[PDB]
Amino acid sequence: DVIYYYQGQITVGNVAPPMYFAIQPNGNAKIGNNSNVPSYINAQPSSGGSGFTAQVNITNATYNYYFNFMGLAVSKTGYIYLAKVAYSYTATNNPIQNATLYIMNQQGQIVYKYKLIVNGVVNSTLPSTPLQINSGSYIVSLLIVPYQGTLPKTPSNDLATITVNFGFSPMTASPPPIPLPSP
Amino acid sequence: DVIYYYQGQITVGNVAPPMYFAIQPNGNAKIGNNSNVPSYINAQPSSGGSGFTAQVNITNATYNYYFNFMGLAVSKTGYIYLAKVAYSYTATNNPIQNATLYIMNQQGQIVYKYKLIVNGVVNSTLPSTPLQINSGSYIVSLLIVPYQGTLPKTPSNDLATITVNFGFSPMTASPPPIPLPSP
Amino acid sequence: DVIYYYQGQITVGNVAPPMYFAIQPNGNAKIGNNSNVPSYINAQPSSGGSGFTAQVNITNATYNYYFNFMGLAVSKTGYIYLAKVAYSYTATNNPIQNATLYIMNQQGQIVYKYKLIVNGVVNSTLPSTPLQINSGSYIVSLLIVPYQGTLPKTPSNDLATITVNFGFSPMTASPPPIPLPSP
Amino acid sequence: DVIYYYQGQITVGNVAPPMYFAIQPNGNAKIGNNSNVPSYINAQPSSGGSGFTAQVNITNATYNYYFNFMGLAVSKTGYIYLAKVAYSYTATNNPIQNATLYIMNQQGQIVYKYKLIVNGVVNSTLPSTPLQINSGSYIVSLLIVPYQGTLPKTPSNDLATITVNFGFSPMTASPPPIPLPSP
Amino acid sequence: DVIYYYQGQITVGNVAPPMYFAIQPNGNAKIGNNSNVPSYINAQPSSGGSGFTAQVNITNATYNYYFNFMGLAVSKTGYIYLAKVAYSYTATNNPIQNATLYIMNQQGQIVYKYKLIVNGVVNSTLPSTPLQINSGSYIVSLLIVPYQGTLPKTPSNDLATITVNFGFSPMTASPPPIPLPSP
Amino acid sequence: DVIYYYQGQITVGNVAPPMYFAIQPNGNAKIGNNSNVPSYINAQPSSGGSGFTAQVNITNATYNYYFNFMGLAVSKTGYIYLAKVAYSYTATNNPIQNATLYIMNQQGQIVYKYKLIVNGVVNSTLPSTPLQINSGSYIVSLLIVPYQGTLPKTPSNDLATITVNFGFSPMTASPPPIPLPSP
Amino acid sequence: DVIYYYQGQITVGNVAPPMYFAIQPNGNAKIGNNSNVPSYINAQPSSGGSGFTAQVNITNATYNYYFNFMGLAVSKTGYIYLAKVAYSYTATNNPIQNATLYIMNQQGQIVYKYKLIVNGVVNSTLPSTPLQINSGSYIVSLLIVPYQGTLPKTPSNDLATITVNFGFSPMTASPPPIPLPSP
Amino acid sequence: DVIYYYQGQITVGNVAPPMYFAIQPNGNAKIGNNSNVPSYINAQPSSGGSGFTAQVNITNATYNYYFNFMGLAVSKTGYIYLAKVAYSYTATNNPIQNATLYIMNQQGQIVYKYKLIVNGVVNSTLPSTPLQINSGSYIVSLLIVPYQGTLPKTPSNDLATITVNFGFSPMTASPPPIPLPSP
Amino acid sequence: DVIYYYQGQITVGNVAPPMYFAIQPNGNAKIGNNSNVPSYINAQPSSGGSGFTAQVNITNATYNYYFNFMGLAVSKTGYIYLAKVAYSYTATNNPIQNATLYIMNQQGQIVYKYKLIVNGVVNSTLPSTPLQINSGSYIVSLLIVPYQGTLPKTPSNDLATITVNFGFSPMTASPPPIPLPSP
Ligand SMILES: *[C@@H]1O[C@H](CO)[C@@H](O[C@@H]2O[C@H](CO[C@H]3O[C@H](CO)[C@@H](O)[C@H](O)[C@@H]3O)[C@@H](O[C@H]3O[C@H](CO)[C@@H](O)[C@H](O)[C@@H]3O)[C@H](O[C@@H]3O[C@H](CS(=O)(=O)O)[C@@H](O[C@@H]4O[C@H](CO)[C@@H](O)[C@H](O)[C@H]4O)[C@H](O)[C@H]3O)[C@H]2NC(C)=O)[C@H](O)[C@H]1NC(C)=O
Ligand SMILES: *[C@@H]1O[C@H](CO)[C@@H](O[C@@H]2O[C@H](CO[C@H]3O[C@H](CO)[C@@H](O)[C@H](O)[C@@H]3O)[C@@H](O[C@H]3O[C@H](CO)[C@@H](O)[C@H](O)[C@@H]3O)[C@H](O[C@@H]3O[C@H](CS(=O)(=O)O)[C@@H](O[C@@H]4O[C@H](CO)[C@@H](O)[C@H](O)[C@H]4O)[C@H](O)[C@H]3O)[C@H]2NC(C)=O)[C@H](O)[C@H]1NC(C)=O
Ligand SMILES: *[C@@H]1O[C@H](CO)[C@@H](O[C@@H]2O[C@H](CO[C@H]3O[C@H](CO)[C@@H](O)[C@H](O)[C@@H]3O)[C@@H](O[C@H]3O[C@H](CO)[C@@H](O)[C@H](O)[C@@H]3O)[C@H](O[C@@H]3O[C@H](CS(=O)(=O)O)[C@@H](O[C@@H]4O[C@H](CO)[C@@H](O)[C@H](O)[C@H]4O)[C@H](O)[C@H]3O)[C@H]2NC(C)=O)[C@H](O)[C@H]1NC(C)=O
Ligand SMILES: *[C@@H]1O[C@H](CO)[C@@H](O[C@@H]2O[C@H](CO[C@H]3O[C@H](CO)[C@@H](O)[C@H](O)[C@@H]3O)[C@@H](O[C@H]3O[C@H](CO)[C@@H](O)[C@H](O)[C@@H]3O)[C@H](O[C@@H]3O[C@H](CS(=O)(=O)O)[C@@H](O[C@@H]4O[C@H](CO)[C@@H](O)[C@H](O)[C@H]4O)[C@H](O)[C@H]3O)[C@H]2NC(C)=O)[C@H](O)[C@H]1NC(C)=O
Ligand SMILES: *[C@@H]1O[C@H](CO)[C@@H](O[C@@H]2O[C@H](CO[C@H]3O[C@H](CO)[C@@H](O)[C@H](O)[C@@H]3O)[C@@H](O[C@H]3O[C@H](CO)[C@@H](O)[C@H](O)[C@@H]3O)[C@H](O[C@@H]3O[C@H](CS(=O)(=O)O)[C@@H](O[C@@H]4O[C@H](CO)[C@@H](O)[C@H](O)[C@H]4O)[C@H](O)[C@H]3O)[C@H]2NC(C)=O)[C@H](O)[C@H]1NC(C)=O
């Protein structure tokens, strides 16, 4: 039995993150400063700014908006896109109708709008088109429009969960909408 | 003292490689065309396509993906398998949690997924089962999921090293998972 | 002129060979069963198992391994050693960097490793120390690590030749590493 | 009828042998110490060291070497040569291709090489040139390279016979290559 | 008492010897030039070439050959034969098995071979057939094959004695094998 | 002065000789047929077979033998003996050591041996004992053993002379050894 | 005519003979005992011992000797001499060369030698000198040396005749050599 | 009766004897000097030389010779002759065959020979012819040849007697042979 | 005295003598022819033939014979006889022993023998018997045998004398022997 072996050598280094999530990045007090409302939101950036974890409460309102719950610092101009969104709910009925995540400029103008959930299902065209972001600091906000009539009378903490993946390519040319493989 | 001598004669020739690594093999511009991102990856095929050497930077993201960093041309249908993987890191803490190397079709469908490192250790079942590859050109990609909190603030170039060996048997019948002996 | 003549009489008989090379010796189908890969190896035992002749092709891989290309039946426990190795190549540059011949057990564990060529030259300590082999059947395999960059683009059949001599002494005591004289 | 008678008187005495064959001569354990391998060689010196008789077995190997099967003690510096070699075989086909008898120094360096049989026939130039040997003790060894394919499957004890005569002249001047007359 | 007396008168003259033994006869340096090896042979022609006296030493060899120990000049073509051989030995056991005296041409071809002793006894047919010798110069040599095992360890000078008589008739017709009467 | 005269009358007649010397007597070609070797002997019977005259040449041999140089026909059984032998030599040194005259049967068996000269002197007991000869034909031969070293280099014809007298008594009773008186 | 007559008277008596011939005189068996060889001699003493008559045969021998054919008894010491010898032969050629008559002592020593015929003629000095003989008994013998070549092939009885006269004077003083007158 | 007487007167004188017998006549010692051999002859001249008386002994010899037994002196030249011879013997057989009386010269030459007895009888012609004798001295001798076989064994002194008469006429002319008358 | 005278007358005549002595009577030369030997006899007839006178010499011979000294012629037949003989000698001893006178016939036969002296004395019977003589002529001779030893050494002429008388009677009848008277 003839075997030919092919050797690949990978030497892994480390570079400052192109984009990262934070609370008040680079000392800017207007960029991510509502991640700790005592009884309604609690959002923290993941270890080393790799992501954000947010506990959110929706409260029988037609629009539940969470403004400036994290800040996104894009150190180098690159191309961002929404890679994958997963939504699972534990209630009998679907609690969330619409869910959108907004990246806004420092003055509150929407730079990119990301429709996480439309009409109770996750966005079919998951790997959205890579679009360009300039270096700077941006606000991120979340709007959730629920199905009224579904929210339980007794409060809960796991009505639903939404996981979002954002791809950033720090390249000159816009890359194809490459999806995220399962490790 | 009686001695019997047994003479073996080996006449060594040369044959075109069954599989080989390249950048854009056979002029196909969609097969290995991201081996030179200016500041994040630098991957080159070894002399005569015997392997690949890649410098990679991981950057505080939950998934660090390097798509299409080399192309694999399999000139003849054969059986491929992962033979041996070695991983050594120079940092105090383990920088890499998961590391997977994907061989994908030209359209981005995963043909074979090779888990180089799972949960910070190298894959116990090293000589994976030989599986069949048809002749053609394929993309290879690398996904590295780090331990966040371990990546140093100051950049480096030898945080870790991963060496991979792939065995290809150009035979009709699938061979046993023969390991690679030390020369 | 006085001459004294001394007469020696040698009567030559015949005994079964202590060790011999074969393909599937004694009907064991796991001992030498890869001596005929259609386009990459062709290994045959010499007349009456006195040795082996193998045409091998090396193919731009970092390790070219030829597993189970012959079987060695050692009918009686004796002492084996590598007696002499000669290597001549016809190409301008040296094609072979390392060349090792492995004698392995039926389960693929290396019993003795014989470094035919190290770093492009033949092993300086040619008459290796006689070591003991028990009666049984063993696999033999060859690993060739070439100098990449030297292999010609157009295939050939006499890139190089390696001739190996193995000495077997079928004695109770280990003999000195007796070399093989030129007839 | 006239007859003239001429009377010759020869008075025969006795002198220690100039050279003689032995096993471990003069107590030297490194000079002739392999004349009794249990199943492969049995070599004994003739009565009073006048010659050697050896039963040898050849065993399907490309070189069958019998090292140190006798010792030669040359008590006085003289001139040695090969006088006559006769070879007769009882098998249908010739079993022996090459047969050489080596006289080597105590350290295994070949002093004189005597080609008994070359390519299946006895050496045409039988009375080889007398060459000088200094007083001392020397090893003698035999190498037989058979015609593989001719050795019988069932063992035998008279496959062939080789008788060798060595002439030693204990004189200051080298004698002519005097042949051995038939008594 | 009648007595008749018959008177015979013999007048004795002298003629050059028909054949005679010598060392280098007639200045020919290739005819009898080994009658004085310092420690192994000492052969001298008898007074006036009537015969030869040789002290010989036999030395534990299977053939003890004494080449060119005397020269025979046959001035006139005649008929030679072996007349009488006597052998007496002083050792307990017979030291000599075979003893042959060779008359050879100048080029070393055997003209006549005279078996003095065969298998330890003197040749039964003592008065051998007269055979013709042409005028010229010839070599004489002696081969003694001993009984090994009989030669004493301590050297001696009268182990045995062999006396030979050669009859030469210088006549045209071959004479009958006339024996030598005791004076 | 008284004188008495005594007259004796002897009438002398003639009888066939009892014994006589001849060449081939009575037509027997085996009885005296070597009396004329061209250059070495010339023997003739005396007038009427009363004796023999022989010119003989001795030639540097240890035994000079002259076989069948005369024949003796004894017509009537009688008693023969050697009566007187005289030897005179003309050389400075004695040329003849031993000289014996043999009377042999037709088959070559010695009937009577007559030692003419022993050790250079003539036989002291000259009138040897009369011994009986039967009627028939007999060979006579002469053996001369010279003093080597005395024979001259240049040939001669009167080196020495030996005269022999044989007495034959044709009587029934053996006579006393009557000597031969000087006429 | 005056005549004077002178008368002489002789009275003749008789005395024992001083010397006489006989066969075995006085019983002595060693004195005259070969007067009757059957075919070669026949000698008888004359009547009363006055002389001897002998028929003799000469037989082609160089010396024809007739020993002890008569005995001479000399009773009284006297003086003997040869008086007259007459020789006549009937053959064409002279048959007798020498003829001598010997008077010998009892021990065979010659007392007086009488040359009857010398070289074919009778002795010129016929009346030899009277020499003294002592009383006793003596042998007489005859030697005849013939002319070989003259003796006839066919035997005869009167080839020749020799008559001898011996004078004996029985006196004290030696007489003159008185010859024998014709009666 | 007439008677006439005639007277003759003779006057007788005396003259010296013409011839006479003697012993050594006239002092000549060579003329008659053997008349006294002690035991064989005794001859004396008669008184006054008138004759001789001799006792003679004959002794078994073929000739009995008595030399010089008397001397005859013839003083005057005269004529001598034998006148009468008488022979008588006393033995049975005749003892004397021949008897001759010789008158010889002083030198032993026979002057006259007188045959007294021929063949046993006395000479028939008794008065022999007167022959002349010159004056001088002469020897006389007697030869007697007996009949052997007749002589007696015991000696005697009168075997026979012979008487002789010699007539001498001292005259100038030879007388007739006058016989001697009986007185 | 008467006387008667008687006268006788005798007339004497003369007659021729009847017998007479002579020398050569009647011319017969054979009858008396030795009467004159010069020195030994001298005989002459007496005057007229009456007798004879003879001088005779006797000479030491045993018989002294004087033959034919006279002749007797008897003219007439008558009777003769010896009448008287007288013998006288003058020597001391008798010189004559015998003396006889013979009358013989012409042929020498004795007619009558007359013994004058016998044994030294004269014949006793002197007148011998007359015997008859016939007419004729006769010889007369004298023989004298002397006494040897008596004859004188010196010669003489009258040693003795003998005278003889012969009577002749010329008558027819024989007369008586008449003696001769003295005148
Ligand atoms: C297996 O490994 C083998 C190693 O030798 C490879 O053989 C080499 O192939 C080269 C071309 O390969 C490229 O192109 C083919 C398509 O044709 C693709 O399949 C490959 O993926 C790859 O992209 C070739 O390089 C050059 O060759 C030509 C010169 O002969 C040149 O025109 C071409 O444009 C290529 O660039 C190798 O050829 C030899 O090249 C060396 C230079 S180098 O080693 O290539 O850099 C030349 O040496 C020069 O010689 C001159 C004197 O002539 C000297 O003065 C100077 O010092 C020296 O540089 C040789 O002359 C030239 O022959 C070729 N190697 C050999 C030994 O032939 C093989 O492709 C590998 N297999 C695969 C599938 O890639
Ligand atoms: C040492 O070297 C020896 C060289 O002779 C070898 O001896 C030979 O063994 C052969 C069989 O060996 C095979 O099988 C054994 C198990 O039995 C294994 O241990 C071996 O590893 C090996 O796989 C044998 O070959 C054939 O022999 C039979 C015929 O006798 C046949 O039925 C078998 O099926 C084998 O194929 C050799 O035998 C001789 O074979 C030759 C043909 S060939 O040389 O083998 O190709 C025959 O010649 C034919 O003869 C006919 C006339 O009879 C001719 O007309 C024709 O022209 C000719 O081809 C012989 O007749 C036949 O005897 C056998 N060699 C000898 C000389 O006996 C030995 O095995 C070696 N040692 C080892 C351990 O392998
Ligand atoms: C040339 O050929 C010669 C042939 O005779 C050799 O002579 C023999 O040497 C023997 C010893 O040689 C060995 O040792 C020497 C060192 O000393 C080495 O150089 C040699 O290479 C060799 O290894 C000798 O054998 C024995 O001799 C001793 C007895 O005398 C004994 O103590 C020793 O230990 C040896 O074993 C030969 O001696 C004779 O030996 C025979 C027995 S045998 O023939 O050796 O086997 C004895 O016969 C015995 O006698 C008894 C009565 O005594 C009998 O009852 C019995 O039946 C019988 O066996 C002899 O008695 C004994 O003398 C010796 N041969 C002779 C004739 O002396 C010579 O070595 C050769 N040359 C070389 C260089 O090797
Ligand atoms: C047959 O046997 C014969 C025996 O006599 C031999 O005769 C002798 O030949 C000798 C020479 O022979 C050699 O040379 C010839 C070639 O010429 C070869 O064919 C022969 O093979 C052989 O090699 C000869 O010896 C010497 O002779 C010369 C002197 O005459 C001398 O110059 C030479 O150089 C030789 O060396 C024999 O001659 C006699 O020699 C003795 C000495 S010896 O006996 O030779 O050693 C001399 O005696 C000396 O005399 C002196 C007084 O003169 C004394 O004072 C002294 O004491 C004494 O030594 C003689 O004088 C000398 O004549 C010669 N022998 C005779 C008797 O002549 C013959 O060669 C034999 N046949 C063959 C074919 O070889
Ligand atoms: C000298 O010559 C003489 C010649 O007569 C020799 O005298 C004869 O001697 C005879 C014996 O001589 C032998 O013996 C003596 C020793 O005694 C030796 O010395 C001799 O050498 C010799 O050998 C003698 O012969 C025989 O005599 C005996 C008889 O008397 C007799 O017994 C003996 O045995 C002898 O044989 C001669 O004697 C006479 O012999 C004749 C016979 S014959 O003549 O001898 O043959 C007899 O005649 C016979 O007589 C009878 C009548 O009686 C007749 O009837 C018959 O016809 C007749 O034969 C005589 O009677 C006898 O006397 C003897 N001769 C004489 C005459 O006496 C003498 O020996 C010589 N000298 C020497 C030294 O030998």
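Residues numbered from 1 in each chain as written, not as in the entry; some residues may be left out. Chains lettered and ligands numbered in written order. Heavy atoms only, no water. Residues with missing side-chain atoms left out of burial classes, pairs and counts.

You'll find chain A entered in the PDB entry as Sulfolobus acidocaldarius 0406 filament., with Sulfolobus acidocaldarius given as the organism. This structure appears in the PDB under the title "Sulfolobus acidocaldarius 0406 filament".

Moving on to the overall build of chain A. Looking only at helices and strands, chain A has zero helices and twelve strands in total. For chain A, the succession of helices and strands along the chain, N to C, is β-β-β-β-β-β-β-β-β-β-β-β. (Helix = DSSP H or I, 4+ residues; strand = E, 2+ residues; numbered from the N terminus.)

Relative to the assigned elements, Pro175(C) resides in the segment after β12 (156-169). In this structure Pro175(C) comes out as buried when scored by relative accessible area, which is 5%. Setting aside anything within four residues of it in sequence, one finds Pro175(C) in contact with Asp1(B), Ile3(B), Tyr79(C), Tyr81(C), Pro130(C) and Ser169(C). (Buried < 20%, exposed > 50% of the residue type's maximum accessible area, 1.4 Å probe, protein only. Contact = heavy atoms within 4.5 Å.)

This part covers the interface of chain I and chain H. Listed as interface residues are 65 residues of chain I and, on the opposing side, 32 residues of chain H. Elements that contribute at least two residues to the side of chain I that touches chain H include exactly β1 (19-22), β3 (51-58), β4 (63-74), β5 (78-89), β6 (96-104), β7 (110-118), β10 (136-146) and β11 (156-169) of chain I. A total of 14 residues in the side of chain I that touches chain H trace back to one element, the largest contributor, which is β11(I). Of the residues in the side of chain I that touches chain H, the class split is 39 nonpolar, 23 polar and three charged. Taken together, the eight bridges between strand β1 (residues 4-14) of chain H and β3(I) define a ladder with parallel strand orientation. Its bridge partner being in β3(I), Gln7(H) is matched across the sheet by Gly51(I). (Nonpolar A, V, L, I, M, F, W, Y, C, P; charged D, E, K, R; others polar. Pairing = 2+ DSSP bridges.)

Once that is clear, we can look at the packing of aromatic side chains. Taken as a whole and assessed by the stated rule, the structure comprises 83 aromatic pairs over all chains. A centroid spacing of 5.3 Å and a plane angle of 55° characterise the contact between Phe21(F) and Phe52(F), whose relative ring orientation is tilted. Residue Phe21(F) is found in strand β2 (residues 19-22), and its partner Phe52(F) is found in strand β4 (residues 52-58); the two are separated by 31 residues along the sequence. With centroids separated by 5.2 Å and ring planes inclined at 75°, the aromatic side chains of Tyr114(I) and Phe166(I) adopt a geometry described as edge-to-face. Here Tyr114(I) is found in strand β7, whereas its partner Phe166(I) is found in strand β11, with 52 residues between them in sequence. Considered together, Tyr114(I) and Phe166(I) belong to a single accessibility category, that of buried residues. (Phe/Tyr/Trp six-rings, centres within 6.5 Å; stacked < 30°, edge-to-face > 60°.)

Attention now moves to the site of ligand 1. Residues in contact with ligand 1, as listed here, are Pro17(B), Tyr20(B), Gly48(B), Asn60(C), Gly149(C), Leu151(C) and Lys153(C). Lying at an intersection of chains, ligand 1 is approached by residues of chains B and C. Note that an oxygen atom of ligand 1 is positioned 2.8 Å from one of the backbone N or O atoms of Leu151(C). Between ligand 1 and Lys153(C) there is a distance of 3.1 Å, counted from an oxygen atom to a side-chain nitrogen or oxygen. Protein contacts shield 27% of the accessible area of ligand 1, which totals 1200 Å² for the unbound molecule. Considering only residue class, the shell around ligand 1 consists of three nonpolar, three polar and one charged. (Near = heavy atom within 4 Å. Polar contact = N/O pair within 3.5 Å; in protein donor to acceptor, adjacent residues only side chain to side chain. Areas by Shrake-Rupley, 256 points an atom, 1.4 Å probe, with all protein chains shown as cover.)

Let us now look at the relation of the copies chain I and chain H. If you rotate chain I by 103° and push it 32 Å along the axis, it lands on chain H with an RMSD of 0.1 Å. The fraction of interface residues of chain I whose copies in chain H are also interface residues is only 15%, indicating that the copies meet through different surfaces. (Least-squares fit on C-alpha atoms.)

Time to look at the site of ligand 5. Around ligand 5, the neighbouring residues are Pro17(G), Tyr20(G), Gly48(G), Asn60(H), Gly149(H), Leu151(H) and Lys153(H). Proximal residues around ligand 5 fall on chains G and H, making this an inter-chain site. For ligand 5, an oxygen atom lies 2.4 Å from a polar atom in the side chain of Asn60(H). A distance of 3.4 Å is found between an oxygen atom of ligand 5 and a side-chain nitrogen or oxygen belonging to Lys153(H). Taking 1200 Å² as the accessible area of ligand 5 by itself, protein coverage stands at 26%. By residue class, the composition of the shell around ligand 5 is three nonpolar, three polar and one charged.

In this complex, chain G contributes 32 residues to the contact, which on the side of chain H involves 65 residues. When the residues that make up the side of chain G that touches chain H are grouped by side-chain class, the tally is 18 nonpolar, twelve polar and two charged. One ladder, built from ten bridges, connects strand β1 (residues 2-14) of chain G with strand β12 (residues 156-169) of chain H; its direction is antiparallel. Its bridge partner lying in β12(H), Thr11(G) is registered against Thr161(H).

Across the sheet, which stays open at both edges, the six strands sit in the order β2(I)-β3(I)-β1(H)-β11(I)-β5(I)-β9(I) with mixed pairing between neighbours. The open sheet has two edge strands with one neighbour each: β2 (41-45) and β9 (131-133) of chain I. The sheet shows a mean angle of 25° between the axes of neighbouring strands, direction not considered. (Axes fitted to C-alpha atoms, helices over the stretch in contact; angles between N-to-C directions.)

Below, the discussion takes up the side chain of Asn68(H). If you trace the backbone, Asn68(H) turns up in strand β5 (residues 63-74). Of note is the side chain of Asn68(H), whose polar atom sits 3.3 Å from the backbone nitrogen of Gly32(H).

Along the chain, the position of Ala54(F) falls in strand β4. Since its relative accessible area comes to 2%, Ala54(F) is described here as buried. Through-space distance from the C-alpha of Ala54(F) to that of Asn26(F) is 21 Å; in sequence the pair is 28 residues apart. Setting aside chain neighbours within four positions, we find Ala54(F) in contact with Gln9(E), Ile10(E), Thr11(E), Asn42(F) and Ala43(F).

What follows concerns a nonpolar patch on the surface. Where nonpolar side chains cluster on the molecular surface, the patch consists of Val2(I), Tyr4(I) and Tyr6(I) and spans about 480 Å² of accessible area. Note that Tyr4(I) resides in the segment before β1. (Patch = residues over 30% accessible without salt bridge, like charges linked within 9 Å, V, L, I, M, F, W, Y side chains within 5 Å. Salt bridge = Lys/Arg side-chain N within 4 Å of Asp/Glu carboxyl O.)

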